[PDB]
Structures are given as structure tokens and as C-alpha cells.
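Form deposited in one PDB entry, single chain, as C-alpha cells, below.
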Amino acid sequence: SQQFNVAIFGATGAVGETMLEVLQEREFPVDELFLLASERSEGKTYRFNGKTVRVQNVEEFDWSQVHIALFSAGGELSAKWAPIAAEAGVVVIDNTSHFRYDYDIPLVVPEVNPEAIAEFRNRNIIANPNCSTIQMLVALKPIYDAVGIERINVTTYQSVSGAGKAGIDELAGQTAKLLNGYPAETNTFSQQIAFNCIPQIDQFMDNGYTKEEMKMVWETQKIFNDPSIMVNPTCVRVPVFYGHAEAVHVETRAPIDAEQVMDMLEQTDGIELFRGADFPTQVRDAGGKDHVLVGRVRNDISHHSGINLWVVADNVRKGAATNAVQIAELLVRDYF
């Protein structure tokens, strides 16, 4: 019956809005909820547990009112405001990339490295990993534990909702213009997205990979705490609204059969396994779900010790909001 004051910073964004919904759905022990944003968003209303909560300016907010803050207002605002909330004694769970690679801040997937949460005392900050990494690592954890992983080839099928509402509107807007004869203009993306696949998520790096691809690499090795897992991504934007899917081709360190992995995955909490000719898809199975979906599990015929799988999740939920709320749950349970 111990209750906590909770702030959500970025309350008017898809993830901030979903964090509220997930807090409500998972019946988090909240005494008071504060909703924070910039000045323009100030005065907007949302319902939490039956009561209207008003969005207030972060500039005017007294951080001492709060035990835990869930941040999802973009990297700039997290860099600016997280140290301030943390200085005030608030534990920040940060859904941006900003603190992920900072040497002493933990990067947590609760199904994977929940021990790392203990390192919240270093800076009063816990980093929430990238959506693609979260879902891949949840699916691969059982395999990693049983037999180890030497190398991951992964290609992604990423929805436009990763580029926020500017991406969603570009998809829906381009698609209507094209269908009704009008030309489609590009702004959020460098090429047309409607009825197209763009093999670029974020800017390029010196090595040919993009930042999104480089994030799956670095965040994987940090989270598994293993600088010897090799990760080889190609990240692609696809004309899908919500959910990300991944084709994962892994090389294990010891041999294991698809039947064993399927049994493990089925027994692991947070994983829904689809067998045989059934498999999850973004539109059909992923939308609105808090867990990770897998199918197409099979032995790699090209390698002595390989496993192939197909991984799907809702990138706004498990890929962000829900992962953060799950960190919060374990934080209050074991540290408060």
C-alpha cells in the first residue's frame, strides 16, 4: 500500500501518453501523477484513474514533489532536465538515447539485466534502451543463457511511428496523394516511404552503418555486458504504422535445436511464441501489446550452430513505455 508520486515528462507525445495508459493498466501504485511539457502544451488535459490531470510547464515544476520521473520528451530536454530532477532526489527513467552510452548509467531490459537497476544511485538515472534492441534481446536472452551467442545478423522492418508523428503523417499523407493521382512530397524522410522501403534509419557513420544500426550494436554489448558478441545490423524503414519486426539470424557458441529454443521461448515470461505456419505480424499481432512476439524459429541450415527467428513488438509499448514502467516496478519493489 506504499504509494509514489510520479512525473511523466513529454506527456503530450505518443510515448508519454502511452506511459500514462500503461501506468493505469498495470495499476502502478501512484499517489500523485504530474504531467510535464513545454509551455504550448500547458493546460491540456488527460484522465488518470478517473480524474483529470493538467499538463504543466516543466520550467515552473518543483521536482521535490516526485519520487520517480519517466522521461520521453527527446534527447535535448533529457540532457537539460534529467540532471535537474536527479539533483532534486528524483530517480529518472529516461526514454531517450542521451544517457544510454554514458559509462556509469545503467541500460536496462527488465527481462534481461534487472540487476543493473541497482546502479541507479550513480546519477539517479536509468536509461531505457532503443526499441529494436529491447525486443531482440528479450527474444535472444533464453538462447544466450542456454548456449551463448557469438554473432547476430539482424535486418529490421521498422514502422514510421519511430520517426514520431511527422513520420506517421508522412506515410498516411503520401499514400493518399499517390492513390488520388497527386504527387507525393518528401520531408521527414529523404526518399518516398509510401509503398517503399528505405534502408536508412538515422544519419550515416564513418563506417557505412547508420546510428540506429550502431545503436543495436553498442546497446546489445552493454546490456549483455559482453564486448565479444558480434552484431551486424541493417535497419530499414517500412510503410507500416505501428510495431517493429526483425529478422534475426544468430550463431550460438554451443549447438542447440529449434525444438529446444521453441520450448524455452514458450516458457519464458514476456514472450509469445507462434509455431509452425503461424507467425506474428505488426498489423495483426503487435499493435497494443506489452510483450514480445516471436515466430519462424528454425535451425540455420547454413551454419553448424545457427538459429533463425522473426521478432515483433509494439515499439511504443514494450519498445518504450512499458519497458520504462517495468523498470519503475522493479525499482520500487526492490529499492524503495
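Residues carry their position along the shown sequence, with the first being 1. Here, rigid core means the biggest group of C-alpha atoms that superpose within 1.5 Å across both forms.
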Legend entry - Mean Cα B-factor comparison, 60 to 68 or 304 to 312, giving the higher one as deposited: 60 to 68
Legend entry - Residue range whose averaged C-alpha B-factor is higher in the record, 284 to 292 or 42 to 50: 42 to 50
Inset, instruction - Sort 239, 243, 183, 129 by C-alpha B-factor from the entry and give me just the highest. - result: 183
Legend entry - Residue selected from 155, 203, 97, 159 by maximal Cα B factor: 203
Inset, instruction - Ordered by C-alpha B-factor within the chain, which third holds residue 232? Give me lowest, middle or highest, please. - result: lowest
Inset, instruction - Divide the modelled residues of the chain into thirds by Cα B-factor and specify which third, lowest, middle or highest, holds residue 188. - result: highest
Legend entry - Chain-wide C-alpha B factor ranking for residue 277, given as lowest, middle or highest third: middle
Inset, instruction - Would you check the entry's CA temperature factor for residue 297 and let me know if it's in the chain's lowest, middle or highest third? - result: lowest
Legend entry - Chain thirds of CA B-factor: placement of residue 177: highest
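What follows is about the form deposited in another entry, which we do not show.
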Legend entry - Sole member of 160, 107, 149, 85 with a C-alpha shift of at least 2 Å between this form and the one not shown (core-superposed): 160
Inset, instruction - Return yes or no for residue 54: a CA shift of at least 2 Å between this form and the one not shown, with the rigid core superposed? - result: no
Inset, instruction - Could you check whether the CA atom of residue 302 moves 2 Å or more between this form and the one not shown, using the rigid core for the fit? - result: yes
Inset, instruction - Once the core is aligned, please say if the CA of residue 288 is shifted by at least 2 angstroms between this form and the one not shown. - result: yes
Legend entry - in the other entry, shift in Cα separation for residue 164 relative to residue 271, 3 Å or more: closer
Legend entry - Note on residue 272-residue 287 C-alpha separation in the other entry, which departs from the shown form by 3 angstroms or more: closer
